[PDB]
Structures are given as C-alpha cells and as structure tokens.
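[1] begin with these chain(s), straight out of the complex:
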Amino acid sequence: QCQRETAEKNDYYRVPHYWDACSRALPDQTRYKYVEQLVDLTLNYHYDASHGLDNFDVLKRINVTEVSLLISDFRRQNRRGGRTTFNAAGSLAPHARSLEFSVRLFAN
Amino acid sequence: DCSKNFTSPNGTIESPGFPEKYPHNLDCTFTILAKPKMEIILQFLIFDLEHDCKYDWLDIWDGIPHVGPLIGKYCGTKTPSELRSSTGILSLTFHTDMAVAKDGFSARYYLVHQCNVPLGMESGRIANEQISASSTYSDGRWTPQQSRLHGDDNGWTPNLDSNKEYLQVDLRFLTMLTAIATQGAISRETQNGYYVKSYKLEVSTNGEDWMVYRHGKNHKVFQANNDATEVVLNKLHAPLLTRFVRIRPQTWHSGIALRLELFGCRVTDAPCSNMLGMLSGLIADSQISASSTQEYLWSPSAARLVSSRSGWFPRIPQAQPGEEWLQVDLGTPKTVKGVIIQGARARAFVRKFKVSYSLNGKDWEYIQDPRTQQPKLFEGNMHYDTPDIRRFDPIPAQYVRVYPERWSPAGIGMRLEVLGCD
Amino acid sequence: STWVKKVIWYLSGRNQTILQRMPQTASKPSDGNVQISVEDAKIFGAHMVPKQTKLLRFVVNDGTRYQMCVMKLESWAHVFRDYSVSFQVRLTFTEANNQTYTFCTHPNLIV
C-alpha cells in the first residue's frame, strides 16, 4: 500500500504523481479482460504488418483509457504470470508514460 | 509580447504600465544575460503586488525559468532585497490572476567588473529578509535580525535555551565558506547577560536536507566565546560549498547569546573557472547523455547539481566497476579546468571516478595523472548533499565523460557540473 | 497470377493455432506449462518480421481546448533455437511536441 499518512500530510502540498501513485488497483478480472484485448490486437497488427497490410481498422480499436489504467496498475505492481510465461511492466515520467509486456510460449 | 530580453550596461525594468496598475492574466518573463566575467546587480525600487502567495507573484530564477534554482517567490508589500550574481544569467517571471492588480514593481540593473573576504553580514550584504530563526523569546528584545557581529545590541535568544533551537541564514547563491566568527552579548539595559560556549554548524545546498559538519568520525563541536567582551573566530580547514547555513548552540554558560560573522569566497574567483551551465540551464537538455538508466523513460534534468530533485542512477545499481559513464557535450570547444561532483537522492554517492574527453566523436583521451604509472583518479564526495570541487591541468575539450569506479553500497548515483574557461 | 498467390500465402497463415492460443495464455492467472507443437512453432517462425514500429496521432479535448498526442507502438517477435516462440510489445504516449505535464501524459483517472 501507499505511505498514505506520509504523502497526504498537508492540504497544500503533494509529491508529484501522487494521484497515479495511490489511486486504487483495478479488479483483477477487469485487468485480465483488458490484457486479452491488448495482446490480441497487437499480435494481429504485427502479423498484418509482417505481410505489409495497413491494417488501420485494427489499430483504430486500442482503447487509450484501458491501456492507461494498465500502465498505472503495472506501475503499482508489475506483474508476472504462472520459465515464467508472462511479464508486464509500466513506466511513468513527466514527458511520457509507457507500457511494456511480453508473452512467451514454450515447446515443452 | 511583454517578455522583453535585455543586455546593456545599465537599464530599468517594470511591469507594463508604471506607475499604473499591471494588466490581468500576464505571464511575462524577463532575462538579464551578462557578458562573461561580469557581475549582475539588481535593485528593486517599487513593489506592491496584491495578495507563499497564491494569486499574483514575481519569481526569480538563477537561470532560465523552471530550470535554474529558484531564488524566491515574492509578493505583497516587502520589496525584494537587492541581489547580486556572477552565474551570468538571471531571469524574472511575473504571474497575474484574472481579477486583481496593484501598482506592480520597478527595478534597476547594473554590472561591474585569500578567499577570506566577509560576505557582508556587517555591511548589509545579507539583508534582513535573509535571516531567520526557529523562534523568538516573548519579549522581542533578542530577535534574529540584530545578529550583526558588531551590533551594540542584544544577541539572539529563542523561547527556550536548548539544543534544537537554531539560527538560519540563506546565502541566495552558491557560496564558499572558510571561517565563522562569534561574539557573545551582554544586555545594554541590564549588565547581566548570556554567551555561547560551544556550537555546531549545519550546511545545505537546498534547505530540505542537511549535513552536520564532521572532523574525523565524530561530529564537530566548536569552542566559543569565553565571555561577551571580545571576538573569536574559527577557521575551517578546507572550504565548504553551501547555500543555507545554520548555527545551532550546544552549551551555554548562562543563557544563549549569538553574534556571528561569515567569512568566505565565490567559486567564480579561481583564476578563470566559470560554470558552463549545467546549473544555469545553458547546457540544453539534448546535450546530456548516459550509458544506462534506471528506467526507459529517463529525464536528463536529473543530472544538474542543484536544480534536480533526484539524481541519476544506472540501470543496475551494482554495475561492473568502471563500466557506466555520464556525458556532456559543451556545444563548443572549451577549456575545462575542473568539475563539481555530488551524491544523488535510496541515498547514495560516487566515491572515486575518472574524467575523459575529446574534441570530437568516436575519440576518447584519458586525463592521466602526471606520473606515468596510471591514469588520474579523483576522490569524490563523502555525503549525498554537500558538493565537492576537483581541479586539474588545463584540458581543451568539447565532449566530457565521467566514469565511476567506487560508490556507496547503495550503488552508483550522481549529479554533476563542469568548470570551464576561455 | 502472382498477387493472387501472395494473397493465398498471406491468408494461409492467418488462422494459425498460436495466434489463437497466445491471447488466452496471456490472460489466465497461471497456465505456465503450455505446450506448443514443434510444427506450429516452425510455421510461426515463417510469418513474423523481427521488428515493427508505428506512430499514430490522436486528439483529446480538455473542455474548450484541444491537444494532440502521438502514440508509439513498437513490437518484436523471435523464435529460439529450441523452437520456443517469444513476442513482445512496448507502447508509449507523448505530446506531439514535448511538454512537461499534459492531459495525455497525466489524465488522473478516477478509480
């Protein structure tokens, strides 16, 4: 959890990124349901680019709200799957914010 | 717009419309840019802004706004005291709300142009706004502002004689201290009195965190006036670089009395070293780079010596010894004479490091020590705040890299500035 | 026809079993001991370029004002010598000219 009573101390000062640093974590089912959409759409876009499609109808459908929520959630706790199947990490900075993730599938 | 730029030997500055009230919704900024090796002196002559303020204010930056250290935010009816700088750039920023205005401000600016010259506590070079203390006694007859060394008046006393109460002075610009001078105080109206017997020095670059002076492993306790009749002075064995200085008593024979003097120097008064502008912002953000970073979304502003809240860290705090480096491009061929090195706030600092340079890319010369045996290695900091200055033979360069080789166990982490010359 | 044959080629790989199974196994809580057959890994190795990157712009309205921001998508695929397959993405948001704090970088979403 946040160091709530150290950050919240005063009415007229907050350390930057406070709100994104202590807004509540997402419900876990919602988290998986957003991750599934994102992995699907980016894998489709990668295959289609690998064959030179423009694929704009697919790229249209990534929801910036949902990725921004996942960026926050993976910043609070970057997450790892069940030789570990998956990784996701957020990052946050003044000029930009980002998400990085990977999925691995094994021959054995 | 109003964001006038100035560089001329003498001139005047004011909010648009003077002595008339300043417009609403201004966001003006003004820049005074000095020639090399020329002082800036700035003196205010009217100040009345309607109201730590919230609605209208004047900021002053020792640099480009929002890049250099903040000198102060000024508001209301206390005319900001006359200020003097050598860092070469001084910028002002005027914010007005949508709704209220008053007579605004006007000021005048001028230019002009061992290490034991008094900064000017006696000579008013520290104005009354620069002095403060934890508390006063109830009577208001031992207030801080009277702490002028040869003031024929009471010294300071807080509400209780104890070891936490402190006196503080803000030297608005980075300034180097060599010795501290002390007097006690008899009361002029009643011939009993007080005097300090021993005291401690607290120093900071920023005022939010501190270092307490040590000599050997123990903390120093200084020895002070035997009675209130005469001056004592005590000299630091090596100069400290500081912005805020705070004196805390420790033992008082019969009450606490402080009269004080601060002896020192400017860093600009070595033979030809000027700061090329990691601090002032004149090294733009594109000119700083590093071998690795604690995350992908690095921000190079962390490198600056006093204008960065948090410092640089490599991707792995326990990197291979001498593998990581930080670089600046000085944007022109320059003489380099030295650098200033500082820890980062984990709280960690770089202990030994080396410097390397080239006039051009894909080349790296080593600043070897005079003896043939090995390349020069420089002793760095011993604390996360207090900067340290290191000097070497003249070296013409344009690309400079710093390579750490020993660090605090909390890892490599650093902030940096480079002393150059022409 | 050559282009007909290239469309046949492109559509032959589309329905591949890996491209279905990935988004599931990326979403389940564990499911770490996922098996994938070697021939499927081989035909995955045939279809993916090891690099892609794209910029796309979008506009956000903060009340009376409008603000324009660039999303960068960069993606990679690989096949190990042991027939394992790996896919990764990195996705970033930035102001169309760099700025310190903007609605795209800091929406402060209520949750």
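    Thanks, I have it. Numbering: from 1, shown residues only, chains lettered A, B, ... in the order given.

[2] name the helices or strands packed onto the strand or helix carrying residue B:398?
    For residue B:398, the element it lies in under DSSP states H and E is strand B:388-407. Applying 3 or more C-beta pairs under 8 Å, 6 or more residues apart in numbering or on different chains; DSSP states H and E, we find strand B:388-407 packed against strand B:326-342, strand B:350-358, strand B:378-379, strand B:415-421. (C-beta placed from N, C-alpha, C; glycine too.)

[3] next to chain B, which bits of chain A? Give me the list.
    A:91-98, A:100 (C-beta under 8 Å from any C-beta of the partner chain).

[4] leaving out sequence neighbours, find the closest residue to the residue in chain C positioned nearest to chain A.
    For chain C, the residue positioned closest to chain A under C-beta to the nearest C-beta is residue C:30, at a distance of 2.8 Å. Nearest residue to residue C:30, sequence neighbours excluded (C-beta to C-beta, 6 or more residues apart in numbering or on different chains): residue A:82, at 2.8 Å.

[5] need the three-state assignment for residue B:58.
    Three-state assignment for residue B:58 (DSSP: H, G, I helix; E, B strand; the rest coil): strand.

[6] ok, for it, nearest residue in space, not its chain neighbours?
    residue B:74 (4.8 Å).

[7] contacting residues around that neighbour?
    B:47, B:49, B:57-60, B:80 (C-beta atoms under 8 Å, 6 or more residues apart in numbering or on different chains).

[8] of those residues, buried ones?
    By neighbour count, with 16 or more other C-beta atoms under 10 Å in any protein chain shown, the contacts of residue B:74 hold B:47, B:49, B:57-60, B:80 as buried.

[9] which among those gets closest to residue B:132?
    residue B:80 (15.5 Å; C-beta to C-beta).

[10] so how far is residue B:119 from that closest one?
    Per C-beta to C-beta, to the nearest Å, residue B:80 is found 19 Å from residue B:119.

[11] now residue A:107
    In terms of C-beta to C-beta, residue A:107 sits 73 Å off from residue B:119.

[12] looking at those two, which has the bigger crowd around it?
    More neighbours surround residue B:119 than the other of residue A:107 and residue B:119, with 20 against 16 (other C-beta atoms under 10 Å in any protein chain shown).

[13] for chain B, list the residues in contact with chain C, please.
    Near chain C, when you scan chain B using C-beta under 8 Å from any C-beta, you find B:66, B:296-297.

[14] put chain D onto that model:
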Amino acid sequence: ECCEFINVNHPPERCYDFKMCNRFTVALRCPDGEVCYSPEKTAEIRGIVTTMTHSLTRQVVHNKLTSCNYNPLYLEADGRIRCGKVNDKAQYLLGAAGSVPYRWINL
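    Adding chain D to the chains above:
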C-alpha cells in the same frame, strides 16, 4: 478592488474561468467578458463553479494552489481550494477525469 458592482441576474452560460474575490462574491471569465456574481445562498458558489468545471483547462487549474503539482484539487463549501485526496467524492474535484475522450486521426 475585485468587485464594486454586480452585473448579473442568473449564472451566465458556457463560461471558462473563475476567481472568488470577497468571501461573499465570485467573478468569472465568460465569452462576453467578466461577470461578478453572488448567490444569497452562500453555499451555492460550489454548485455554480462545479456546473462550470468542465471548461477549465488543466493549466488554469494548475495556476491555483500551484504547489499541488498538477494533482487534482477540491472545493470546500466556503470556497477555499485544497488538494483533493484519492478518497474524496468524485463530484467535488477539479482536474480529475472519468475517461479520456479520444479520437484517432489518420496519417
């Protein structure tokens, strides 16, 4: 002074900035120019400004209480702004969002 007058009989529409000047009065940047306003119901300043809060671009909200480093801010009923907390009721915040309104544009 911030008001010497009242220029209004009902809250003007589609305004875009506010500052309270007395405790008893609030004034607005609006398309037609500024208006000074007062409700006799001294709590209503909060409702009025909340009903206008959609317009206020993130920088205008950041000029107030500017130590709050762009984080969302809150209105006490007596009109004074403070930094909002993450627990606070979502209605009484400026600078928070329920979703980012977004539209992809072609390249």
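
[15] partner strands of the strand holding residue B:398, with direction?
    Note on strand B:388-407: by DSSP bridges, its sheet partners are strand B:326-342 (antiparallel), strand B:350-358 (antiparallel).

[16] would you turn the ones you listed into TSV with mean neighbour count?
    What follows is those, written out as TSV (neighbours: other C-beta atoms under 10 Å in any protein chain shown):
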stretch	mean neighbour count
strand B:326-342	19
strand B:350-358	20
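
[17] burial of the residue of the stretch 201-350 of chain B at minimum distance from chain A, as a residue count?
    Residue nearest to chain A within the stretch 201-350 of chain B (C-beta to the nearest C-beta): residue B:297, separated by 3.6 Å. Residues lying near residue B:297 (other C-beta under 10 Å) number 16.

[18] hang on, the earlier thing: just so I know, which of the strands paired with strand B:388-407 lies nearest residue D:42?
    strand B:326-342 (52.8 Å).

[19] which residues of chain D fall in strands?
    In chain D, the strands defined using DSSP state E lie at D:17-20, D:26-29, D:35-37, D:73-75, D:81-83, D:93-94, D:102-105.

[20] now these in a markdown table, with mean neighbour count and distance to chain B?
    Listed next are those as a markdown table, based on neighbours: other C-beta atoms under 10 Å in any protein chain shown; distance: least, C-beta to the nearest C-beta, whole Å:
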| stretch | mean neighbour count | distance to chain B |
| --- | --- | --- |
| strand D:17-20 | 20 | 5 |
| strand D:26-29 | 23 | 6 |
| strand D:35-37 | 19 | 9 |
| strand D:73-75 | 21 | 12 |
| strand D:81-83 | 18 | 9 |
| strand D:93-94 | 20 | 15 |
| strand D:102-105 | 12 | 21 |
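
[21] save those as JSON lines, and put in distance to residue A:38 too.
    Formatted as JSON lines, the strands of chain D follow (distance: least, C-beta to C-beta, whole Å):
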{"stretch": "strand D:17-20", "distance to residue A:38": "39"}
{"stretch": "strand D:26-29", "distance to residue A:38": "41"}
{"stretch": "strand D:35-37", "distance to residue A:38": "47"}
{"stretch": "strand D:73-75", "distance to residue A:38": "32"}
{"stretch": "strand D:81-83", "distance to residue A:38": "33"}
{"stretch": "strand D:93-94", "distance to residue A:38": "28"}
{"stretch": "strand D:102-105", "distance to residue A:38": "16"}
